[PDB]
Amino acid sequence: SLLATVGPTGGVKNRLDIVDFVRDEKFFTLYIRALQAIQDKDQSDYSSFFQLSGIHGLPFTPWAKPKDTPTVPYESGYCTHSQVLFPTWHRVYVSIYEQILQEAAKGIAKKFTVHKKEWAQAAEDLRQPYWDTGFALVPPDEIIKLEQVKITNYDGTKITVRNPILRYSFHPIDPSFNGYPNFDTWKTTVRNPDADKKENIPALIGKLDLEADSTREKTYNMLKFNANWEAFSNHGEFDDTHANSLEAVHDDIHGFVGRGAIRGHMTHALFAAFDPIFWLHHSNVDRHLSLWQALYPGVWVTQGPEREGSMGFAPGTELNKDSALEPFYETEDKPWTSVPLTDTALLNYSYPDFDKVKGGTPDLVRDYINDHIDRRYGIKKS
């Protein structure tokens, strides 16, 4: 790899709930600045928003690969779907994003004229916030509605700049979008589009509000009831025995956001990553994995075939815990694997759900987290 996925820096910090995250002046300002920074980078820059999101689906090109690397076994996206590697591949996927996103936030923290240390420390603690869809499906206005958002300027004064969280603006629309009727002319990413291809946020807020109750119940059953890895990892082939998987419950959020009258970006695996809200989603999807690990310790990746097909594995290939997770590398010559990814500390992150039980026995944690899930996703509306 040209850019190994080593994760963020500054020790093990928590990925905050977006509801709390937006209330944090330093974190929110750094996120809005850094996110705009990587969105404005050249799309041929590997550490740019485009190439980072491009890893998931289109374009079908290698990411941060050496000059004389062997041809990829399959021309398609990188993301692993309908297979046993879904949870682990996406865990390290958010890691490279969070890593690159912090790196931009460091340069941002140097532009501040006052409190240079505190801005430097905030960047060090900066992590990808998660969207708790199971407890609060309707996100904050900063994420879904506010065209302009309040941040702190480099002099300390409060200003309002355009919100980079709502949508990404292609520059240009990559030549690999040509064949697809609606996404080739769409200048920016779109959520819940109408028949006239116009974005419809109001209808989206309405959709989420109604799907809220069912989403909490789906999330509850997913977290608590999954002994074997096969039924928990993937959904394929959208059957009943996988309906309670981490991915199946994960699919509903892509549909809610992307699927309107016509299909938007979030409801298409080849374009879903380009929507900025994609990362808040899969940060929470990763939190589910962390919570599930607390309930089902010892259970991890089991063997399974590549059914859909990705640029890492051709259809029919056998996959296990020792399978390489392209294009994510521990070092220059060592690809990531599922085995070590049980410990998020290796990527310098964690979730606030575990704060009151740090350094506790697996038994105490399993009881604390279980009560946590029951109390949060096992009760009535919020």
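Start at 1 and count along the sequence shown; that's the residue number.
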property	result
181-189 set against 288-296, stretch whose average Cα temperature factor tops the other in the entry	181-189
Stretch with the higher entry mean CA B-factor, where the candidates are 236-244 and 126-134	236-244
Identity of residue with top Cα B-factor, from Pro164, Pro305, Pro139, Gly255	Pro305
Criterion, highest CA B-factor; candidates, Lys207, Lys224, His81, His250	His81
CA B-factor ranking of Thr361, expressed as a third of its chain	highest
Cα B factor band for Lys321 (lowest, middle or highest third within the chain)	highest
Ranked C-alpha temperature factor of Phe50 among modelled chain residues, by third	middle
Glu330 - Cα temperature factor, lowest/middle/highest third of chain	highest
Ranked C-alpha temperature factor of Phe60 among modelled chain residues, by third	middle
